[PDB]
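Participant:
2 protein chains.
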Amino acid sequence: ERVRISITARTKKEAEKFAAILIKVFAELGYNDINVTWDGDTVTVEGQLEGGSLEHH
Amino acid sequence: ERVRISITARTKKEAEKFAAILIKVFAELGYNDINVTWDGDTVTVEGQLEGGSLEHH
Numbered sequence: 002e003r004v005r006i007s008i009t010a011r012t013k014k015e016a017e018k019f020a021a022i023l024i025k026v027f028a029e030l031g032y033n034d035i036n037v038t039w040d041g042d043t044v045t046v047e048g049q050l051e052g053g054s055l056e057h058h
Numbered sequence: 002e003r004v005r006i007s008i009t010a011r012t013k014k015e016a017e018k019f020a021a022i023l024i025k026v027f028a029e030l031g032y033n034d035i036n037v038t039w040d041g042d043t044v045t046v047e048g049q050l051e052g053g054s055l056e057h058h
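Here's what the structure looks like:
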């Protein structure tokens with residue numbers, strides 16, 4: 002149940018503005034404890050849920 | 002000023018749940034008219050900006 006979202010913005014300031022929102026969306030979704038990892042000019046958010054799966058068969 | 006965000010979820014339903022939110026954030030940010038492009042099992046949102054400005058209607 003790991004969720005990872007990568008945003009490609011022009012500058013760090015631009016991507017940062019998006020990360021702020023993503024953090025709230027993840028927190029409100031129960032994906033608290035998010036970890037952001039940037040490499041070069043791309044930022045990717047990594048979150049994990051402690052209660053959410055799509056069981057089947 | 003092109004902003005693109007790619008989310009990697011387990012199932013389509015999972016990613017779709019995130020897309021809905023991203024769409025709202027983009028619209029409120031002035032990035033109205035967003036285009037989503039999925040290929041295989043990955044969904045990526047594509048939005049554009051028509052300049053900051055502080056106008057209104």
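Respectively, the protein sequence lines represent chains B and A.
Under the entry's author numbering, the residues of the first sequence are numbered 2 to 58, in order.
Under the entry's author numbering, the residues of the second sequence are numbered 2 to 58, in order.
Cβ coordinates follow ideal geometry from the N, Cα and C atoms, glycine included.
In chain order, what residues of the same chain have a beta carbon less than 6 angstroms from the beta carbon of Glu47(A), not counting five sequence neighbours either side?
Facilitator: So the qualifying residues of the chain are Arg5 and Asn36.
Participant: One question on the structure: do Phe19(B) and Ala10(B) come within less than 8 angstroms of each other, judged by their Cβ atoms?
Facilitator: Yes, the pair counts as a contact, with Cβ atoms nearer than the cut-off.
Participant: Could you tell me the distance, in whole angstroms, from the CA atom of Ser54(B) to the CA atom of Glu2(B)?
Facilitator: Whole-angstrom Cα-Cα distance: 6 angstroms.
Participant: Taking the beta strand (DSSP E) that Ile22(A) belongs to, which residues open and close that run?
Facilitator: Taken as a continuous stretch (DSSP letters only), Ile22(A) belongs to no beta strand (DSSP E), being part of the alpha helix (DSSP H) at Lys13 to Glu29.
Participant: Exposed or buried, what is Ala16(B) when buried is set at 16 or more other beta-carbons lying within 10 Å of its beta-carbon?
Facilitator: Burial call: buried.
Participant: Strictly by DSSP, which residues pair up with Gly48(B)?
Facilitator: The partner list for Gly48(B) (beta bridge, DSSP) reads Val4(B).
Participant: List, in chain order, every chain B residue whose beta-carbon is nearer than 7 angstroms to that of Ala10(A).
Facilitator: Going along chain B in sequence order, the residues near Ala10(A) (Cβ under 7 angstroms) are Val4.
Participant: Just checking: is the beta-carbon of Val37(B) within a distance shorter than 8 angstroms of some beta-carbon in chain A?
Facilitator: No, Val37(B) does not count as interfacial toward chain A.
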